[PDB]
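For reference, positions follow the sequence shown, starting with 1. Note that ligands are numbered from 1 as they come in the structure, with each ligand's atoms numbered from 1 the same way. Side chains are part of it too, since the values below use all heavy atoms of this structure and drop only hydrogens, waters and symmetry mates.
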Amino acid sequence: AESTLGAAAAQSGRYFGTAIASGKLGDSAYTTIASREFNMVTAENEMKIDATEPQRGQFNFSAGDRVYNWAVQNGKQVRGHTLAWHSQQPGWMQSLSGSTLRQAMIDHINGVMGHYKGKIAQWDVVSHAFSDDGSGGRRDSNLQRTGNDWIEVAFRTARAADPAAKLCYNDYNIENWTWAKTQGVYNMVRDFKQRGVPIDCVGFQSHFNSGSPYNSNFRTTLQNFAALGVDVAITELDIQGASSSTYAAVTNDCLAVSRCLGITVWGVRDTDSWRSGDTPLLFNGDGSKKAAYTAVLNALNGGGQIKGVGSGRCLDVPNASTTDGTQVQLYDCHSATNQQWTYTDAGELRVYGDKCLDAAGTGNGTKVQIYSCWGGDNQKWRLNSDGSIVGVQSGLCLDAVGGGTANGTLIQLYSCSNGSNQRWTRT
Ligand SMILES: *[C@H]1OC[C@@H](O[C@@H]2OC[C@@H](O)[C@H](O)[C@H]2O)[C@H](O)[C@H]1O
């Protein structure tokens, strides 16, 4: 199978997952996409400490079980998270400290893991334990104040609680190999493996934006950790603006590491994101697949002028016009700027540098023209492996009107048909 993300990843023994919010399971649009595209689920908040143990010794798995059951019933494995960390702690735990906090941490781990014993693929036992001050040291938290060995203890407790689950340490800003934080985690994990501390995986949040940009050395980081004898997982992937190249790059980084179990994007649609303003996911709020979706699918499947297959002619802007609203056409291919299209990270097909292939509407027969670039979804396109070019907003294919092949044949949007007048080659 290769038409959905999860299935595409499965071809190499990997998964492609998402974060599921129990509060959205009653949303048909949400579940239709989530059940179809992902084969791994992480509860966005339902399995955290405050959600599972609202009162000391009083566990509640109502929300957690709804996410877990939805996942398994729809064919997805589950990553549990998170058993012990400084954030989202219930009020009672925040006030605890020292030895009492240490015991509370242990009791929580046993309670939650015991409830899901043998049903969880991976557990983020500890998360976000290192600082961002640039010292590569531990984060100052109530948990850290109970002893630097709290993390080690958490893992030993976890292994005993459920020996069938892979135990992971998860964190962010540990993707770039040159950062001190990355080194701090690397050294801790190396020490753990050397001393026999039970740890099976390292999770990389992979939250990329201009403040903490993706860097190609992420692959090196993954490979260095894999070399320590642990699996690695991309746990909360999201990319500011959802750059197609960056999404494909991260996808290929996991594919390049034998021990990379899979990739989880932090949310289904941009509107479901904890950082929606950065439209960092693979689906738009209206459910349409973004340019990055196709880039990722293509990568998982192991994947200038734009020439029509049926006509042998090139996508051309009539008389090299730069006027907004000029409908594009098919024309004999030749070296000219009005036939030179550039596919951008945002999914646009640009010409002249700042003009965009633009759909004047959303239905069959819609005029395809050039228009000033502004970021609209009617200016975004997905380059399918079969040669078709689909509009993100419309879901319709670039189509040479009436199947025409002669110079002057206009271009429109039309229901995809796999026809030769809808197939294009880029060379
Ligand atoms: C990685 O970062 C994102 C965390 O998830 C968010 O936590 C805060 C919630 O308010 C928000 O809804 C969640 O998406 C995740 O737990 C971390 O591991």
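- A salt bridge is defined here as a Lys NZ or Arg NE, NH1 or NH2 lying under 4.0 Å from an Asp or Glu carboxylate O, and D27 with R269 meets this definition.
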Check: Step by step, would you call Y169 with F192 a ring-ring contact (aromatic ring centres under 6.0 Å, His included)?
Finding: CA-CA 11 Å; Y169 171 72; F192 279 14; 8.2 Å; no
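- Remark: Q144 CD to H86 NE2 distance equals 12.0 Å, nearest 0.5 Å.
- Listed as neighbours of ligand 1 are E44, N45, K48, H81, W85, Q88, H128, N170, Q205, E236, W266, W274, each bearing a heavy atom under 4.0 Å from the ligand.
- Salt bridge absent: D162 and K119 never bring a charged side-chain N and a carboxylate O closer than 4.0 Å.
- Taking the charged nitrogens against the carboxylate oxygens, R79 and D124 do have a contact shorter than 4.0 Å, which makes a salt bridge.
- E37 contributes atom CD, which lies 3.5 Å from atom OH of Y293 (distance to the nearest 0.5 angstrom).
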